[PDB]
There are 2 protein chains.
Amino acid sequence: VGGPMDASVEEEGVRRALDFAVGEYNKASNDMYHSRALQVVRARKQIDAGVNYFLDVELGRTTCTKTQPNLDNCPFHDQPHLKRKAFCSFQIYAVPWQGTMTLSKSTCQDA
Amino acid sequence: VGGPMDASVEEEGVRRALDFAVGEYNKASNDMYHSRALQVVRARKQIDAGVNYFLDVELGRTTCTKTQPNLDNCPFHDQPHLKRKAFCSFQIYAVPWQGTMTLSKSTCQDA
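Structural notes, computed from the coordinates. (Residues numbered from 1 in each chain as written, not as in the entry; some residues may be left out. Chains lettered and ligands numbered in written order. Heavy atoms only, no water.)

### Section: the state of the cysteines
A covalent bond between the sulfur atoms of two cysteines is referred to as a disulfide.
Residue and element names in this part refer to chain A.
Logical step 1: Enumeration according to the criterion identifies 4 disulfides over all chains in this entry.
Logical step 2: In this model, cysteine 88 is linked to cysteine 108 through a disulfide, with the two sulfur atoms separated by 2.1 Å. On the sign convention where negative means left-handed, the S-S torsion of about 115° between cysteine 88 and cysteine 108 marks this disulfide as right-handed. With a gap of 20 residues between them, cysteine 88 in strand β3 (residues 85–95) and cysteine 108 in strand β4 (residues 100–108) connect regions that are remote in the sequence.
Logical step 3: Since its relative accessible area comes to 28%, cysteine 108 is described here as partly exposed.
Logical step 4: Here chain A pairs its bonded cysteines, counted in sequence order, in the arrangement 1-2, 3-4. (Disulfide = S-S within 2.5 Å. Helix = DSSP H or I, 4+ residues; strand = E, 2+ residues; numbered from the N terminus. Buried < 20%, exposed > 50% of the residue type's maximum accessible area, 1.4 Å probe, protein only.)

Printed below as a string of structure tokens:
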């Protein structure tokens, strides 16, 4: 009911996946020795569609603290050394059946 | 040709996305002040399907260094304090048209 279906380690995409993983494990790992798979205890897979949102947005620093109300519409800093406008690029990954979002990518260039 | 289609900031899922993002921006940010969107310069979206692989795997530390050949089939450490078997869970996100993989999740419990 909804979850990942089993797949044979024999399967092409699974070998690719498993090779990739062990690969990253070794690259990241700090061992001078190479590790490799003894045995795959379980391999499953899930086709999963989601929407990516790409938003390019200018943010302004408002005059309200995070610990106060109305934040939605309160006014931007006009004092000279207090103001900051940043320009940001956000990538958001949305799985709509699940109602969840993740910030995949985030840069603010700030100016 | 292949890339993200424009979407109206008026659109429901986009407001959700933009609110989510600014939200995370503030949570992560170190400012005592709240930032909010001045203007959204550009908003696009892409429906994108990929396969998730979930692999549960026991890894063994082999006797070969990373800087030598045959690593695919070379033998595990048998000396007592040199051997390590770990048991790992890897989540791999594959976009097959693009031929790319990402390690989304990775834990080795080590024993």
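### Remarks on helix α1 (residues 12–28) of chain A
Logical step 1: Look at α1(A): 24 Å from first C-alpha to last across 17 residues, which is about the 24 Å you get at 1.5 Å a residue.
Logical step 2: On its buried side, α1(A) packs onto β2 (33–65) of chain A together with β2 (33–65), β3 (85–95) and β4 (100–108) of chain B. (Expected span 1.5 Å × (residues − 1). Contact = heavy atoms within 4.5 Å.)

### Considering the interface of chain B and chain A
Logical step 1: Across the contact, 67 residues belong to chain B and 67 residues belong to chain A.
Logical step 2: Counting the surface lost from both chain B and chain A, the interface buries some 6,000 Å², and carbon and sulfur atoms represent 63% of this.
Logical step 3: The tally of links from chain B across to chain A stands at 4 salt bridges.
Logical step 4: Between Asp31(A) and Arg61(B) there is a salt bridge, and its shortest N-O distance comes to 2.5 Å.
Logical step 5: At the junction of chain B with chain A, the criterion picks out 34 residue pairs in polar contact.
Logical step 6: A per-element tally of the side of chain B that touches chain A places β2(B) first, with 33 residues.
Logical step 7: For the side of chain B that touches chain A, the residue count by class is 35 nonpolar, 17 polar and 15 charged. (Buried area = accessible area lost by both parts, 1.4 Å probe. Salt bridge = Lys/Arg side-chain N within 4 Å of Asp/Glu carboxyl O. Polar contact = N/O pair within 3.5 Å; in protein donor to acceptor, adjacent residues only side chain to side chain. Nonpolar A, V, L, I, M, F, W, Y, C, P; charged D, E, K, R; others polar.)

### A word on helix α1 (residues 12–28) of chain B
Logical step 1: Residues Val14(B), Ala17(B), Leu18(B), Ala21(B), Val22(B) and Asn26(B) constitute the buried set of α1(B). When α1(B) is viewed along its axis, its buried side chains cluster within an angular range of 165° and face the same direction. What points out from α1(B), more than 90 degrees from its buried face, is the exposed set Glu12(B), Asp19(B) and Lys27(B).
Logical step 2: Contacts made by the buried residues of α1(B) are with β2, β3 and β4 of chain A together with β2 of chain B. (Arc of directions from axis to C-beta.)

### Here we look at the nonpolar core
Logical step 1: Of all hydrophobic cores here, the largest spans 18 residues; its most connected members are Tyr53(A), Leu55(A), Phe90(A) and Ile92(A).
Logical step 2: For this core, the elements supplying multiple residues, two or more each, are β2 and β3 of chain A together with α1 of chain B.
Logical step 3: Once residues lying within four places of it in the same chain are set aside, the contact partners of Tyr53(A) are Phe90(A), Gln91(A), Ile92(A), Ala94(A), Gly13(B), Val14(B), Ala17(B), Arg44(B) and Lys45(B).
Logical step 4: Listed in part, the 17 residues of the second largest apolar core include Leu18(A), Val51(B), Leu59(B) and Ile92(B). (Core = buried A, V, L, I, M, F, W, Y, C linked by side-chain atoms within 4.5 Å.)

### Points about the pairing of β3(B)
Residues and elements named next belong to chain B.
Logical step 1: In terms of residue burial, β3 counts as a mostly covered element, since 8 of its 11 residues are buried.
Logical step 2: As defined by bridge partners, β2 adjoins β3 across 10 bridges and the pair is classed as antiparallel. Within the sheet, the bridge partner assigned to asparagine 52 lies in β3 and is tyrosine 93.
Logical step 3: As defined by bridge partners, β3 adjoins β4 across 8 bridges and the pair is classed as antiparallel. The partner of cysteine 88 across the bridge, within β4, is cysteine 108.
Logical step 4: Linkage of β3 to β4, two consecutive antiparallel strands, is achieved through a turn of 4 residues, within which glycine 99 is found at a positive phi near 60°. (Pairing = 2+ DSSP bridges.)

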